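Remarks on the structure that follows.
Backbone-built Cβ (ideal geometry, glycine too); neighbour counts: all protein chains shown. Please treat every number below as a calculation from the coordinates, not as lab data.
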Amino acid sequence: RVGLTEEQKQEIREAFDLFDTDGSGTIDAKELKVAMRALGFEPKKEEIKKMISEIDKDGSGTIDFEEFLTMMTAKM
């Protein structure tokens, strides 16, 4: 079923915090690339850029918790 129960939201928050290794408050594009490598992805510049742009409503090169949460809500 599509949905984020509190437990999933907690997991997403923990993951977010971890991926924000810098502790910037936002995951930098590079940290997101590292995260995607941790997720076992194969980055491709154009796809990465476009996906990042879609998620990056406001975070301007970084991804805020809410933006990351939105991504996670969409992708699961």
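Could you list, in sequence order, all residues of the stretch 34-68 that are within 13 Å of the chain's Cα centre (by Cα) and on the phi > 0 side of the Ramachandran plot?
Listed by number, the list holds a single entry, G61.
Under the condition of being over 10 Å from the mean Cα position of the chain (by Cα) and not charged (D, E, K, R), which residue from the stretch 24-33 is nearest to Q10 (Cα to Cα)?
It comes out as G25.
Filter the stretch 9-28 down to the residues that are free of Cβ contacts under 8 Å to residues at least 60 places away in the same chain, surrounded by 15 or more Cβ atoms within 10 Å (Cβ to Cβ) and of a type in the set (A, V, I, L, M) and list them by number.
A15, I27
Give the residue that is farthest from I55 (Cα to Cα), with candidates limited to residues of the stretch 14-32 that are among the charged types (D, E, K, R) and out of contact with any helix residue (DSSP H, G or I) (no Cβ under 7 Å at 6 or more places or on another chain).
Among those residues, the one meeting the criterion is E14.
Tell me which residues, restricted to the stretch 35-57, are loosely packed, with under 15 Cβ neighbours inside 10 Å and touching a helix residue (DSSP H, G or I) at 6+ places or on another chain (Cβ under 7 Å).
Within the stretch 35-57, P43, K57 qualify.
Among the residues of the stretch 19-33, which ones are out of contact with any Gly (no Cβ under 7 Å at 6 or more places or on another chain) and either among the polar types (S, T, N, Q) or on the phi > 0 side of the Ramachandran plot (or both)?
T21, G23, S24, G25
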